[PDB]
Amino acid sequence: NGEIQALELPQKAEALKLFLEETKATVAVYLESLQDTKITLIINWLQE
């Protein structure tokens, strides 16, 4: 019991779960906008 409450395992789990939820939401939103076109690839290929 002392190790259960000393590490506040339920609270640790809940806090980490919410932190992961927030981080996942933010990263998922950012990633879709991050994508870009590959035209510069063709331009550089033609130049070379």
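Just so it is clear, none of the values below were taken in a lab; they were calculated from the coordinates.
If the reach is capped at under 20 angstrom between alpha carbons, list the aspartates and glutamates near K17, excluding any in the same chain fewer than eight residues apart. Once the sequence-local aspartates and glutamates are set aside, what remains near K17 is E8. For the chain, the convex hull spanned by the alpha carbon atoms encloses 83 Å³ per residue. The length gained on full extension between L41 and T23, counted as 0.36 nm times the residue separation minus their Cα-Cα distance, comes to 3.3 nm.
Adding -39500 (n - 2.57) for every DSSP H run of four residues or longer, then dividing by how many residues the chain holds, sets the calculated 222 nm ellipticity at -26500 deg cm²/dmol.
Listed by chain and number, the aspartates and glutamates placed with their C-alpha closer than 19 angstrom to that of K38 are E48; residues fewer than eight positions away on the same chain are left out.
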